[PDB]
Structure formats: C-alpha cells, structure tokens
Amino acid sequence: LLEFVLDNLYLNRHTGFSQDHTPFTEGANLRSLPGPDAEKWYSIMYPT
Amino acid sequence: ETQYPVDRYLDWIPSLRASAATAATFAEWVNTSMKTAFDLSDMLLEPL
C-alpha cells in the first residue's frame, strides 16, 4: 500500500482539448494527448 | 453568439457551434480572402 502511494506522488499538468469534427459527439473538446493513436484513448474515455 | 444584433433567416442552413478558436481560424481565412480580394500586400487587423 505504501509503495502504491509512493508511485502516485505526481503533479497533473493541465491538458488540452479539441472540438469534435464528427457527429459521434456534439463537437466536444476531447483531452488531446501528444502523439498518434489517441483514438483508442478517446473511445475508452467516452464509451458513449 | 454576439450581442450585436444581426438578422439570421438562414439559421436553417446547417452550422455547428464552433469553439472560439475555430471561429477565429475561420475569421482568419475570411480575412486572408479579403486581403487577396483587395490585393492587400499589408497586414489587416492583425492586432484584432
């Protein structure tokens, strides 16, 4: 338990969002990671 | 959505709610178009 706490000592830097260009969502701003293949993250973040 | 009153009879014409950045980029394209239309070699409303 202590090590899990130790491993979680981080500061979360404010991320960025992009307006949705598709009709899957109503032009929502999705947190956008740097690098490609974030769509797997997008689908997981919003199963809806 | 701006407080300045303007008549819209073509809201039926399809359009989404762009993010402020999206509107600004569309505006920048309209501005480049206007400069080329008047053949403007100088910056227009760049502070704007």
# chains A, B, ... in the order shown; residues from 1 in each chain; ligands from 1

call {"tool": "select_by_dssp", "arguments": {"residues": "chain B", "states": "helix (DSSP H, G or I)", "output": "list in words"}}
result
residues 20, 21, 22, 23, 24, 25, 26, 27, 28, 29, 30, 31, 32, 33, 34, 35, 36 and 37 of chain B

call {"tool": "interface_residues", "arguments": {"of": "chain A", "to": "chain B", "cutoff": "10 Å", "atoms": "only C-alpha atoms", "output": "ChimeraX atom specification"}}
result
/A:18-21,26-29

call {"tool": "write_last_selection", "arguments": {"atoms": "C-alpha atoms", "output": "short mmCIF file (atom, residue, chain, number, x, y, z; two decimals), in the first residue's frame"}}
result
data_model
loop_
_atom_site.label_atom_id
_atom_site.label_comp_id
_atom_site.auth_asym_id
_atom_site.auth_seq_id
_atom_site.Cartn_x
_atom_site.Cartn_y
_atom_site.Cartn_z
CA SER A 18 -10.01 19.62 -29.33
CA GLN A 19 -13.55 20.36 -30.65
CA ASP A 20 -15.14 17.24 -32.20
CA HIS A 21 -15.22 17.40 -36.04
CA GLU A 26 -21.66 17.14 -30.35
CA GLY A 27 -18.33 18.83 -31.26
CA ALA A 28 -16.99 18.18 -27.74
CA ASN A 29 -13.46 19.26 -26.70
#

call {"tool": "residues_around", "arguments": {"residues": "residue 48 in chain A", "least_positions_apart": "3", "cutoff": "12 Å", "atoms": "only C-alpha atoms", "output": "PyMOL selection string"}}
result
chain A and resi 24-26+42-45

call {"tool": "write_last_selection", "arguments": {"atoms": "N, CA, C and O atoms", "output": "mmCIF file, in the first residue's frame"}}
result
data_model
loop_
_atom_site.group_PDB
_atom_site.id
_atom_site.type_symbol
_atom_site.label_atom_id
_atom_site.label_comp_id
_atom_site.auth_asym_id
_atom_site.auth_seq_id
_atom_site.Cartn_x
_atom_site.Cartn_y
_atom_site.Cartn_z
ATOM 1 N N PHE A 24 -20.191 11.801 -33.908
ATOM 2 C CA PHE A 24 -20.223 10.813 -32.800
ATOM 3 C C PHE A 24 -20.510 11.577 -31.509
ATOM 4 O O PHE A 24 -21.265 11.069 -30.660
ATOM 5 N N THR A 25 -19.924 12.767 -31.374
ATOM 6 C CA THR A 25 -20.196 13.616 -30.191
ATOM 7 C C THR A 25 -20.549 15.011 -30.693
ATOM 8 O O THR A 25 -20.195 15.323 -31.838
ATOM 9 N N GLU A 26 -21.199 15.821 -29.861
ATOM 10 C CA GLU A 26 -21.656 17.143 -30.346
ATOM 11 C C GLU A 26 -20.471 18.110 -30.311
ATOM 12 O O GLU A 26 -20.497 19.039 -29.483
ATOM 13 N N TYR A 42 -9.574 7.913 -26.778
ATOM 14 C CA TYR A 42 -10.830 8.699 -26.896
ATOM 15 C C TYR A 42 -12.027 7.763 -26.717
ATOM 16 O O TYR A 42 -12.950 8.104 -25.943
ATOM 17 N N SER A 43 -11.982 6.603 -27.371
ATOM 18 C CA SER A 43 -13.121 5.659 -27.303
ATOM 19 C C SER A 43 -13.289 5.186 -25.860
ATOM 20 O O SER A 43 -14.436 5.080 -25.404
ATOM 21 N N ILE A 44 -12.177 4.902 -25.180
ATOM 22 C CA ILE A 44 -12.226 4.442 -23.760
ATOM 23 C C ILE A 44 -12.735 5.555 -22.840
ATOM 24 O O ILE A 44 -13.487 5.237 -21.901
ATOM 25 N N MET A 45 -12.294 6.792 -23.076
ATOM 26 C CA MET A 45 -12.689 7.943 -22.227
ATOM 27 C C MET A 45 -14.196 8.130 -22.373
ATOM 28 O O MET A 45 -14.877 8.334 -21.347
#
